[PDB]
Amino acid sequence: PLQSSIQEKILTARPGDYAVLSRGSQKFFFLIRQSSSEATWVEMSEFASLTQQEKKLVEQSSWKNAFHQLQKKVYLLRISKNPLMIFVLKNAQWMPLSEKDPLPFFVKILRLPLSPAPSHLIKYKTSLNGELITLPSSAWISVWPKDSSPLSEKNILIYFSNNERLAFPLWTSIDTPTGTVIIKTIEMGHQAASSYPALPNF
C-alpha cells in the first residue's frame, strides 16, 4: 500500500542534498545535483581509504566541507522515465558507459521495492554527522532480485528518517551467505555543491 521503491524515494531529494555511506573500509559520497520533471542527476564518488592526515580535516569540519581536499571512481547518474544512463569521469569529461561494469547493479538498487516493516535494530531474547541510526526512523523491507550473485533473493532492511526532508537511508542491512552486511550512513545534509565538472549538455 505504501509500496514504494528506492528510485521513488531518492527522487524526493532536492539539489544539494548529500549523504556519505560506509561499508567497512569503503566510503561513497552521494550528491543530488539537479532535479527536473524530466531528469534527476546524482553524482557518486568512491573512496576506499583516507589519509590519516585527511581524517583530520573531516573531524575538524565535515565530509561536505572537507570534500574538496581529499586525495577514487566518480559516477554520474541520470535518472528519468527512460532507462538509467551512467557516466564516469575520465580526463575531466563525463564519459558514457557501455562497458556495463556497475550499470546493472545500480538499476537493481533503484528498482528495489520498499514496504513498511518493524525495526530489527535490536534482537531481544546543513550537516548531520555521526550515529545517524539514533535519529527517529522507520524500517522498510526489501528483497534483492533473483540473479547470479550472493545477494540473490536475499532480504534487505532499510531505515529512513521520519523526516521526509532527509531522503537518503540511515542504515541498510542485507542478508548474505557470509552473514549480514551493514551499509552505514555516517553523514547527510543539504546545500552541498559539486566539486566536479558541470553536467553534460544535451
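When you see a residue number, it is the position in the sequence shown, counting from 1.
According to the PDB entry, the deposited sequence contains 1 to 3 residues between residue 71 and residue 72 that lack coordinates. According to the entry, the deposited sequence places 10 or more unmodelled residues between residue 125 and residue 126. Just going by the entry, 170 to 178 versus 50 to 58 on mean CA temperature factor gives the higher value to 50 to 58. For the two regions 20 to 28 and 183 to 191, the entry's Cα B-factors average higher over 20 to 28. Listed residues 129, 119, 115, 91 were ranked by CA B-factor as deposited; 91 comes out on top.
Remark: residue 165 belongs to the lowest third of its chain, ranked by C-alpha B-factor as recorded. Compared with the other modelled residues of the chain, the Cα B-factor recorded for residue 138 ranks in the lowest third.
When all modelled residues of the chain are sorted by CA temperature factor, residue 2 is found within the highest third. In this PDB entry, the Cα temperature factor of residue 76 sits in the bottom third of its chain's modelled residues, the lowest group. Among the modelled residues of its chain, residue 151 has a C-alpha B-factor that falls in the highest third, as given in the PDB entry.
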